[PDB]
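The structure appears below as structure tokens.
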Amino acid sequence: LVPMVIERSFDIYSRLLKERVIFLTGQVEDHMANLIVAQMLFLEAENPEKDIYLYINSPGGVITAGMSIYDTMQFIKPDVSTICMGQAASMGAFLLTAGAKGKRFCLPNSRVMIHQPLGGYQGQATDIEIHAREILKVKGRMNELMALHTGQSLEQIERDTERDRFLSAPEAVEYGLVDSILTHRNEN
Amino acid sequence: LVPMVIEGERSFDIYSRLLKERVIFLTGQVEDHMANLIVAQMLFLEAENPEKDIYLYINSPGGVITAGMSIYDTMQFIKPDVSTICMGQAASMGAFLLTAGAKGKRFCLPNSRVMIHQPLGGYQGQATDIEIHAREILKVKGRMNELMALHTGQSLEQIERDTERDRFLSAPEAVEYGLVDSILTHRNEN
Amino acid sequence: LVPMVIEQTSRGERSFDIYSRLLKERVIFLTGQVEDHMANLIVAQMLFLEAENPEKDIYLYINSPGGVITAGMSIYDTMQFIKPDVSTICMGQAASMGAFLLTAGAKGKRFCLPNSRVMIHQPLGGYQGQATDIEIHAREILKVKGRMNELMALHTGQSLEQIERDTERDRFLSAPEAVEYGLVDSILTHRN
Amino acid sequence: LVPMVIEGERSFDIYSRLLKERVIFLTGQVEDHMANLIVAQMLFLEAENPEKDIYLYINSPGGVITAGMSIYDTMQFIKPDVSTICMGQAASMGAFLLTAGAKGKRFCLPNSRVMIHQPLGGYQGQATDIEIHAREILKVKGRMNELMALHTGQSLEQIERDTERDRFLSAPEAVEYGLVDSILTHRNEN
Amino acid sequence: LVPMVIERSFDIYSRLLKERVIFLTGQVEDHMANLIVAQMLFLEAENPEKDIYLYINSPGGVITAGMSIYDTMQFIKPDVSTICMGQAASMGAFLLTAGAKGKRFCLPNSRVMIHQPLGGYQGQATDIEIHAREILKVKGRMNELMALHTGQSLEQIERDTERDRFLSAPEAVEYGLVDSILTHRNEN
Amino acid sequence: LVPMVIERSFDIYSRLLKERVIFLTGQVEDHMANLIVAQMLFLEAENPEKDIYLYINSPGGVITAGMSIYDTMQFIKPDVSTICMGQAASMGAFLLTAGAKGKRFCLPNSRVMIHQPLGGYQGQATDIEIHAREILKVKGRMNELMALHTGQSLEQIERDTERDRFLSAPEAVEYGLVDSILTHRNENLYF
Amino acid sequence: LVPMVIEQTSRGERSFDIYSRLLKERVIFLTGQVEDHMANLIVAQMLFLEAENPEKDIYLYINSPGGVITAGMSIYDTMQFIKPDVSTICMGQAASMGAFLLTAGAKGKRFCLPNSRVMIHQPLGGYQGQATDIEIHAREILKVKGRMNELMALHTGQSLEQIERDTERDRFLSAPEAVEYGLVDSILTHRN
Amino acid sequence: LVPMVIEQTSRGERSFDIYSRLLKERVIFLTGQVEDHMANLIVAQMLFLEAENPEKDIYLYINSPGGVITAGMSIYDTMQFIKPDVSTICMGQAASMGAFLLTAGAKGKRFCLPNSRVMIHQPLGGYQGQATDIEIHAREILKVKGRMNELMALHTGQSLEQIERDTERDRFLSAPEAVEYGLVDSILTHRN
Amino acid sequence: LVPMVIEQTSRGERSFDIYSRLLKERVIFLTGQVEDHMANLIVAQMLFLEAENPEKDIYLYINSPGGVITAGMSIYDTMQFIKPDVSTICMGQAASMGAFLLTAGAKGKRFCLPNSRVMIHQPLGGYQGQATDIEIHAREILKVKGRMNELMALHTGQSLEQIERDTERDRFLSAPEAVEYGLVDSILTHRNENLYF
Amino acid sequence: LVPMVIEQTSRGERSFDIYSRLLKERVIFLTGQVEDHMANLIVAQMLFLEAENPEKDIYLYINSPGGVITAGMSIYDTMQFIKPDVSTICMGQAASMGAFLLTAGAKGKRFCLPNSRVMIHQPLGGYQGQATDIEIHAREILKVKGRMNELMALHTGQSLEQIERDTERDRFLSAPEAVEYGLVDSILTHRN
Amino acid sequence: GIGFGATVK
Amino acid sequence: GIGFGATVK
Amino acid sequence: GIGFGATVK
Amino acid sequence: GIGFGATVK
Amino acid sequence: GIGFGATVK
């Protein structure tokens, strides 16, 4: 069950949504992604000048769902400040680094994991070649976007994404994935 | 889990609040129940204001064809112009609905993707029944290809050659293919 | 379990399983659903028998609920290839592929027991995939249906049109009806 | 079923009513969803009054570490002093959150039982990938031990020796181990 | 489903909660125990001088969950009157006898069973020894508390808990688990 | 689904509860029994002088749950009128006969079934003996209460409960298990 | 069950299973889906037969729904390695691997029964993993497809381009169609 | 099923299963996944052949997708322990463990068929448990990977660095590519 | 499938399965998890070999991931009982019970192949029930652990304390490491190079 | 798999199974759980051995986790019936039924290996149904427990009271403890 | 013979 | 012979 | 014999 | 012999 | 004989 609060009656997540706070928890699927997209659009309609806050704790998921969230964040005017709690996986990290420049934060004991896409197909050799080329294009597209936000060279990203690479909050900052760390609310 | 919102005091879920703004979401596999829901939303919006354009966001891996046809026929039946938007991906039925939007109001996001392929079906039974079902799916394939060629502007022959197998297309490729009109890089720009 | 029998010969007594003993007397059994492995075994027996004596008639006993078509065509072609007349006998029942093999026997050597039942129907199949693949498979099974009907018509002696009308759905034939339908030649009630 | 309470008069559930009194519950295995819920509750309480202390009751057999770190980071991040109370038992990640409470506000009921152990994990794949995941979990183990030593006051070496295998501690043992501060036998007494 | 009472809409359990009645039903577990703990805290907050009533009908369960309820009952200022309906198992009996002295009652046909803890572990011999000592300490601690509330000697409790021991309402009174038997509300 | 009625926002079962009517349907478990117990206490607190009505259609269940309901009915002051609809099983019959004297009813086409307790245990011989003795005491206690509520002799009950015994509405009346039959409301007008 | 037969020899009577008796006559049966274990067994039989008489032609009877490729390539290579001419015969059906083996028989010694059906299609496969891994497997299966098409074109005489167009999707062929295609030299309608 | 063959000898006729007849010719078949039981069986055969005639060569045919490493090491150590030169042949495919056994054969006696495919990749392992235990197992698999690479470099003759770079991910090799790599000495295109 | 082999004898040709033929050469195989059935078979084989020739050495090849202890103790006791020297060889891997049997082989006749791996760890077990029964079972497994460690120290020559420290967690050892640890004596790099047999 | 052995008698060679050869030497194996089929087999072996030589001692090796009691009683009754002294040996472990059969051996001929373990506990059982049926089954198992304890005390020499106290819960005993407990007679460390 | 069609006396 | 290609008397 | 009890040459 | 490496007439 | 009732030498 989810607790409710009175402010008539609001859900705990709905109450925070009033404060422009969105949560991205669990594996990234199409339904949860669509929900996050709806929240962004709703917040944009209310006030397109106030920054949005997106907290991320996720082990990754589908790429199409993630790209919808990424394209949406870049489409709307509000600066989406991404925050990492617990962990950011390949898609979570992509969304984390996709936040507004200077507004991507991570908590001290958070972690980040970047890896190349995963996929697969079963069928004729012809169909395999098609699906194979697509995922490679996806890998290239993701790497290009990561390089743009992080500021790292494309070649460096390809070398670091060939296998699962883990990064702590300080390492992520040096890697350009985020901007700073939030030890305490008052300090920042 | 779906969060509520406020707009006296009224309780609205996130999807309903957007519906108030003439925004519909087509997410997940296309089945009959979700399709019926989308159809209901279109009709409700038409009754409220039959002159304001509707927005349909599409993120789907495809599904049943009959369900999709109901949505397609409904969009072409009502007066409002149904502007389709692609987020994440559009599959064969999603792409069919995407290109089915109002001319000049079909968009795709920059990193979206589109996949068009010929129908998939199977039947087990007597050879006589097999012939019937086989002919039916072929007619469906022809009907779908004709509509795609009409909306995209391409030739029926080109569509058949490209739909013989799964063909992937990015937002720019889809535009050049006539499948959509433009790309929504940012709200302010367009 | 399969019982073992003894055969008295000039060299000495020999131990045989019941099925092997009947094979020595040119008797093959086609029991159960038709499949590649059983059909392959039947094919081997026919070839062995032909080499042993290509002038003596072979006997095939059919109690089948039917099965794969390809596995049946191998048996059919093998029967129509070898020189010996393959006398088919129906015990218990003959299904679509059993009946096809039954009527495929030598003219005048296709028997049926009085209480046996024969069922004929059109092929069964299916496929799941793209529309293009469906068209190929659908065309193929139809050709199989046509080929089967032609062969049934030839052996039975019925017109092709009549066979198509009677195979559109499952048709059950008793031993007397089968004789009138050309599927068999006579009935075996008692030993004369 | 969750009972309800009435407080004009406003309907409430038992857990929500306690939330008005700045009381949170961390029950069951520590997963991502429940953790996100706890994190949301802390932020909401902070916005209401960032000067009043929060109370977190802990009865849990542990769980994922990433989820626990989010809660731990959030407690440190916010201004209110999060008083951790142990009821039932505190496992490896329950104990970590318990000892992470504000100094002097970490309590444990008399019959409670704490358990500390090194992290758990695993991976299946190539040898190269195994080395990566192995190094990662070791860094996690080192990081967890450092924080435990900082909160408990013990030495890093002692923590490493005591976490190599499951170590159980009662309420008094936890106090001497610096994991908690005192015990709560009666409300009036303390 | 649960019936609804209008008074505002109250579920039947909430209405009884208004009268300071708490129901403990089914096997004990962290989630049900947490709910009971919340109810006790809420009632104490609403009124810290009125007695609470806890009806017990359960086949027992986890001990950690039970200990939280026990510690909470002995921690809050109000006196928790325990009542046994249908049956009380080892954890249920422990909670039953833990009620306020003179406020622990049993119905005439209720049955009480006391047994020693149940636990298991699979692993290395080293880890096995650890878990074995722990459960033994728990058994000793449970027996100490049982002897304190019942008033029976610790040695007697060990002999009677070595195996499942059943007791009716009268036997429980003689044993000291419950102060008295409730036959009729007006009579008592 | 459960219908709703306005008089406000009451489900069909609660509205009947307002009329002091409780339903005991399905197998007797701990949760449903606890629910029934809550209803009785609520009704008692609302009006401890008005009679309560308990309709019984059940194939039986746990005995501990049944005892909680039984003890509660005999504990509260209101007279709990039990009614049998469709069927009353071993625990259902025990609760049926436990109603207020002269207020136990059964519909004409209902059926009652009484049998001895069921149980079992797997383990050491020592533990088996304990559980075996316990269930026997339960069987004895149940028979004593049945004989008290029915007026029959303990010996007769033991003989009749050794195996499943079925009884119709008339048979139950002669067996002392109920008091009368409810053919029509206007023909009896007991309420 | 498998029947046992008796062989009359100079030394004395011998008991053989039907499959082994035919092996003595240089007949090998390929049945069921192709796999490592069955393919290995076929390889062993070919080698044994070669040693006995490396001049007498071997006969392979194929009734298969197809299977693994590697298992088939071993049989293909073994046939092209040994000196004896491996006369392939199709009974019932030949699938993609069966067809490849069927057309891999010695030129002029590839036969089909009249009702047998032959299907040729491109390889099937799949992999799940990282994109880098997927690229490796995709290239590999494509090379296999290319290699298979080249061999098919060499045996059938058809151009490589034609084979690619016909193998893009499942293509069915009857005994006559297969002859014109070049998979099989002739048909065994009846014994002569 | 396994066919039975007859061996002609001066003293008398003998009946053997096809696999045993080949074993009599110092031929061992490695098929299917590499497990402990099949490996034990292969090891037993090598010891028996060694006792019979140590001087004569032993042939090992490999058609294996992959398998356990410990089992493979037993086979590898046994081959390098006995005196007979173990000539390895690749039929269908040789995977990481199969390739390791293939390249481990006697120098100049390692052959592959033309269409056979060889794959090599680093070991696969998994462990679930405490971080301490995880570190121990992780170190062990790395040492195994290093040891395997060292042996691969020795038999192939490639540098250790090159082997590590090529084994980081699945690498497929055809018969010719394998020859240049050094896994196999030559190819058996046709009998001579 | 198990291949069959022919042995030439004065009476005539004789047919054997490959495992039985090796048994005739005093060779036993301990493959797979150690259970009661396989152990009895090994025990039966050792007794049979002892009667045939109680002076000729027996060879036991070990490729096993371990298993039950009781089943292993039977084999250990049987080896230490019979007169023949049971030369243990490690192929592929030896787990805790496999390694225990390997070290149990006759002194100077314990071998390992170069790539073989040996793992030793403390016993595994568990029980579910009352606290009383848990104490009984927990005590029993500890006695087993103590007894096993004592035997390992006796065969390897190491100290009981060292064994306890090294068995607290899974410890892997290669052929050379094992030789220095006392688990084995030498390494069978080649049959004729050493000629130990 | 079960190995085959050879016996070299003056009459000639004879092929035996390892278990059968040992039976010829008056050795029986009681391995695995005690069920009805294995027990019935053991009974047959004892009777066969008794008839061959009713004066020579029989040997029964025991490695078992226990099982049904009825099955064990049949073995126990058979051992006490036959004239030969049944020398029981414990290898690996003896469970409650195994221990019962172990101690039931002939006085002075009950051995245990050094590292073997023994476990004695009271019978296990259960029933589900009416209370009447429960009481019946409960009384029966209690009688069984009493009967088993009496027999254990008779063979072990201990007092019935002590046995009841020690069997209330699982009691483990090593070879030395068992000797002191009268459960066995001596230990077999080495061969003299 | 032994079959149906086979002749027997 | 016995096969198809094989000739018979 | 062959067992433990049995003596060996 | 019989294998590949084995030579034949 | 060999059974129970059977007598032996």
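Convention: chains lettered A, B, ... in structure tokens order; per-chain residue numbering from 1; ligands numbered from 1 as shown.
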key: Shell of 12 Å around residue O:2, only C-alpha atoms, local chain residues under 4 positions omitted, as a list in words   =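 Here the qualifying residues turn out to be residues 43, 44, 45, 46, 47, 48, 49, 50, 51, 52, 53, 54 and 82 of chain J; 6, 7, 8 and 9 of chain O.
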Go ahead and write the residues just picked, C-alpha atoms, as a PDB file, in the first residue's frame.
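The file below, selection_18.pdb, is the result:
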```
ATOM      1  CA  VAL J  43      15.424 -61.920   1.982  1.00  0.00           C
ATOM      2  CA  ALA J  44      15.758 -64.049  -1.132  1.00  0.00           C
ATOM      3  CA  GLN J  45      19.539 -63.818  -0.975  1.00  0.00           C
ATOM      4  CA  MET J  46      19.625 -64.950   2.655  1.00  0.00           C
ATOM      5  CA  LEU J  47      17.432 -67.950   1.940  1.00  0.00           C
ATOM      6  CA  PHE J  48      19.520 -68.916  -1.074  1.00  0.00           C
ATOM      7  CA  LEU J  49      22.701 -68.639   0.979  1.00  0.00           C
ATOM      8  CA  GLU J  50      21.255 -70.666   3.847  1.00  0.00           C
ATOM      9  CA  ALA J  51      20.386 -73.548   1.549  1.00  0.00           C
ATOM     10  CA  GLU J  52      23.825 -73.580  -0.072  1.00  0.00           C
ATOM     11  CA  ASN J  53      25.622 -73.813   3.273  1.00  0.00           C
ATOM     12  CA  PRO J  54      23.581 -73.372   6.469  1.00  0.00           C
ATOM     13  CA  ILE J  82      17.999 -68.797   9.419  1.00  0.00           C
TER      14      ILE J  82
ATOM     15  CA  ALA O   6      11.995 -76.039   3.407  1.00  0.00           C
ATOM     16  CA  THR O   7      14.544 -78.160   5.243  1.00  0.00           C
ATOM     17  CA  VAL O   8      18.287 -77.772   4.734  1.00  0.00           C
ATOM     18  CA  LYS O   9      21.472 -79.769   5.220  1.00  0.00           C
TER      19      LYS O   9
END
```
inquiry  = DSSP on the backbone, alpha helix (DSSP H) only: what residues of stretch 79-178 of chain E does that give? Format it as a ChimeraX atom specification.
reply    = /E:90-97,125-150,154-161,169-175
key: Within 6 Å of stretch 69-83 of chain F using only C-alpha atoms, minus same-chain residues under 2 positions, as a ChimeraX atom specification   = /E:183-185 /F:48-49,51-56,66-67,96,99-100,103-106
inquiry  = Residues of chain G within 7 Å of chain H, counting only C-alpha atoms, what are they? List them as JSON, numbers by chain.
reply    = {"G": [19, 20, 36, 37, 44, 45, 70, 71, 73, 74, 77, 80, 81, 82, 83]}
Save the residues we just selected, N, CA and C atoms, as a PDB file, in the first residue's frame?
```
ATOM      1  N   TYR G  19      18.161 -53.079 -39.433  1.00  0.00           N
ATOM      2  CA  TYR G  19      19.040 -51.981 -39.806  1.00  0.00           C
ATOM      3  C   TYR G  19      20.459 -52.457 -40.075  1.00  0.00           C
ATOM      4  N   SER G  20      20.942 -53.411 -39.287  1.00  0.00           N
ATOM      5  CA  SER G  20      22.297 -53.915 -39.455  1.00  0.00           C
ATOM      6  C   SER G  20      22.415 -54.777 -40.697  1.00  0.00           C
ATOM      7  N   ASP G  36      24.221 -34.098 -33.637  1.00  0.00           N
ATOM      8  CA  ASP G  36      25.587 -34.578 -33.493  1.00  0.00           C
ATOM      9  C   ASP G  36      25.656 -36.090 -33.331  1.00  0.00           C
ATOM     10  N   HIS G  37      24.799 -36.655 -32.489  1.00  0.00           N
ATOM     11  CA  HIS G  37      24.860 -38.086 -32.215  1.00  0.00           C
ATOM     12  C   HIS G  37      24.479 -38.934 -33.419  1.00  0.00           C
ATOM     13  N   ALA G  44      30.472 -42.914 -38.756  1.00  0.00           N
ATOM     14  CA  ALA G  44      31.114 -44.171 -38.413  1.00  0.00           C
ATOM     15  C   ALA G  44      30.768 -45.255 -39.414  1.00  0.00           C
ATOM     16  N   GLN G  45      29.505 -45.325 -39.815  1.00  0.00           N
ATOM     17  CA  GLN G  45      29.084 -46.329 -40.777  1.00  0.00           C
ATOM     18  C   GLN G  45      29.780 -46.146 -42.116  1.00  0.00           C
ATOM     19  N   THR G  70      26.126 -28.008 -38.574  1.00  0.00           N
ATOM     20  CA  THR G  70      27.413 -28.626 -38.265  1.00  0.00           C
ATOM     21  C   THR G  70      27.344 -30.139 -38.328  1.00  0.00           C
ATOM     22  N   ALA G  71      26.281 -30.709 -37.777  1.00  0.00           N
ATOM     23  CA  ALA G  71      26.083 -32.144 -37.839  1.00  0.00           C
ATOM     24  C   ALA G  71      25.964 -32.622 -39.274  1.00  0.00           C
ATOM     25  N   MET G  73      27.274 -30.945 -41.983  1.00  0.00           N
ATOM     26  CA  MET G  73      28.525 -30.705 -42.683  1.00  0.00           C
ATOM     27  C   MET G  73      29.490 -31.848 -42.460  1.00  0.00           C
ATOM     28  N   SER G  74      29.454 -32.453 -41.279  1.00  0.00           N
ATOM     29  CA  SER G  74      30.320 -33.586 -41.011  1.00  0.00           C
ATOM     30  C   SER G  74      29.985 -34.721 -41.953  1.00  0.00           C
ATOM     31  N   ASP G  77      31.100 -33.641 -45.562  1.00  0.00           N
ATOM     32  CA  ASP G  77      32.538 -33.737 -45.750  1.00  0.00           C
ATOM     33  C   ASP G  77      32.985 -35.182 -45.812  1.00  0.00           C
ATOM     34  N   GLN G  80      32.147 -36.573 -49.260  1.00  0.00           N
ATOM     35  CA  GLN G  80      33.050 -36.061 -50.271  1.00  0.00           C
ATOM     36  C   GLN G  80      34.485 -36.506 -50.060  1.00  0.00           C
ATOM     37  N   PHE G  81      34.816 -37.053 -48.897  1.00  0.00           N
ATOM     38  CA  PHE G  81      36.168 -37.495 -48.597  1.00  0.00           C
ATOM     39  C   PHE G  81      36.420 -38.921 -49.058  1.00  0.00           C
ATOM     40  N   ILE G  82      35.556 -39.839 -48.641  1.00  0.00           N
ATOM     41  CA  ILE G  82      35.711 -41.233 -48.982  1.00  0.00           C
ATOM     42  C   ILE G  82      35.665 -41.443 -50.489  1.00  0.00           C
ATOM     43  N   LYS G  83      36.246 -42.561 -50.912  1.00  0.00           N
ATOM     44  CA  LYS G  83      36.295 -42.891 -52.334  1.00  0.00           C
ATOM     45  C   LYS G  83      34.950 -43.354 -52.867  1.00  0.00           C
TER      46      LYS G  83
END
```
Sorted by chain and rising residue number, list the residues of chain E at most 9 Å from chain F (counting only C-alpha atoms), each with its closest atom pair and distance in Å to one decimal, as JSON lines.
```
{"residue": "E:1", "atom": "CA", "partner": "F:2", "partner_atom": "CA", "distance": 8.3}
{"residue": "E:2", "atom": "CA", "partner": "F:35", "partner_atom": "CA", "distance": 7.7}
{"residue": "E:3", "atom": "CA", "partner": "F:14", "partner_atom": "CA", "distance": 5.2}
{"residue": "E:4", "atom": "CA", "partner": "F:14", "partner_atom": "CA", "distance": 5.7}
{"residue": "E:5", "atom": "CA", "partner": "F:14", "partner_atom": "CA", "distance": 6.7}
{"residue": "E:6", "atom": "CA", "partner": "F:8", "partner_atom": "CA", "distance": 7.2}
{"residue": "E:9", "atom": "CA", "partner": "F:9", "partner_atom": "CA", "distance": 8.3}
{"residue": "E:12", "atom": "CA", "partner": "F:38", "partner_atom": "CA", "distance": 6.8}
{"residue": "E:13", "atom": "CA", "partner": "F:38", "partner_atom": "CA", "distance": 6.9}
{"residue": "E:15", "atom": "CA", "partner": "F:42", "partner_atom": "CA", "distance": 7.7}
{"residue": "E:16", "atom": "CA", "partner": "F:42", "partner_atom": "CA", "distance": 6.9}
{"residue": "E:23", "atom": "CA", "partner": "F:34", "partner_atom": "CA", "distance": 7.8}
{"residue": "E:25", "atom": "CA", "partner": "F:31", "partner_atom": "CA", "distance": 6.7}
{"residue": "E:26", "atom": "CA", "partner": "F:30", "partner_atom": "CA", "distance": 6.6}
{"residue": "E:57", "atom": "CA", "partner": "F:30", "partner_atom": "CA", "distance": 7.3}
{"residue": "E:58", "atom": "CA", "partner": "F:30", "partner_atom": "CA", "distance": 7.7}
{"residue": "E:84", "atom": "CA", "partner": "F:68", "partner_atom": "CA", "distance": 8.6}
{"residue": "E:85", "atom": "CA", "partner": "F:68", "partner_atom": "CA", "distance": 4.8}
{"residue": "E:86", "atom": "CA", "partner": "F:64", "partner_atom": "CA", "distance": 4.3}
{"residue": "E:87", "atom": "CA", "partner": "F:64", "partner_atom": "CA", "distance": 5.9}
{"residue": "E:107", "atom": "CA", "partner": "F:71", "partner_atom": "CA", "distance": 6.5}
{"residue": "E:108", "atom": "CA", "partner": "F:71", "partner_atom": "CA", "distance": 7.1}
{"residue": "E:109", "atom": "CA", "partner": "F:67", "partner_atom": "CA", "distance": 6.3}
{"residue": "E:110", "atom": "CA", "partner": "F:67", "partner_atom": "CA", "distance": 6.9}
{"residue": "E:111", "atom": "CA", "partner": "F:64", "partner_atom": "CA", "distance": 7.9}
{"residue": "E:163", "atom": "CA", "partner": "F:127", "partner_atom": "CA", "distance": 7.2}
{"residue": "E:164", "atom": "CA", "partner": "F:127", "partner_atom": "CA", "distance": 7.2}
{"residue": "E:165", "atom": "CA", "partner": "F:130", "partner_atom": "CA", "distance": 7.5}
{"residue": "E:166", "atom": "CA", "partner": "F:134", "partner_atom": "CA", "distance": 7.1}
{"residue": "E:182", "atom": "CA", "partner": "F:75", "partner_atom": "CA", "distance": 7.5}
{"residue": "E:183", "atom": "CA", "partner": "F:75", "partner_atom": "CA", "distance": 5.6}
{"residue": "E:184", "atom": "CA", "partner": "F:75", "partner_atom": "CA", "distance": 4.4}
{"residue": "E:185", "atom": "CA", "partner": "F:75", "partner_atom": "CA", "distance": 5.9}
{"residue": "E:186", "atom": "CA", "partner": "F:77", "partner_atom": "CA", "distance": 7.4}
```
key: Shell of 12 Å around stretch 48-57 of chain B, only C-alpha atoms, local chain residues under 3 positions omitted, as an MDAnalysis selection string   = (chainID A and resid 34 37:38 41 68 72) or (chainID B and resid 18:28 38:39 41:45 60 71:72 75 77:90 94:95 97:102 105:109 112)
inquiry  = Could you list, as a VMD selection string, every residue within 10 Å of residue D:145, counting only C-alpha atoms and ignoring same-chain residues fewer than 5 positions away?
reply    = chain D and resid 96 117 to 118 139 to 140 150 to 151 155 to 160 163
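Counting from atom CA of residue I:187, the distance to atom CA of residue I:113 is 5.6 Å.
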inquiry  = For a test of reading the model, state the distance in Å between atom CA of residue G:123 and atom CA of residue H:99, rounded to one decimal.
reply    =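 Taking atom CA of residue G:123 and atom CA of residue H:99, their separation equals 23.6 Å.
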message = Set the distance at 12 Å and use only C-alpha atoms: which residues neighbour residue A:22 once local chain neighbours fewer than 5 positions away are removed? I'd like the list as a PyMOL selection string.
response = (chain A and resi 12-17+32-33+35-43+51-57+69+80-83) or (chain B and resi 3) or (chain D and resi 36+40)
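Taking atom CA of residue B:10 and atom CA of residue A:21 as endpoints, the distance between them is 21.2 Å.
Of the residues in stretch 69-115 of chain B, those that DSSP places in strand (DSSP E or B) on the basis of the backbone are residues 82, 83, 84, 85, 86, 87, 88, 89, 90, 106, 107, 108, 113, 114 and 115 of chain B.
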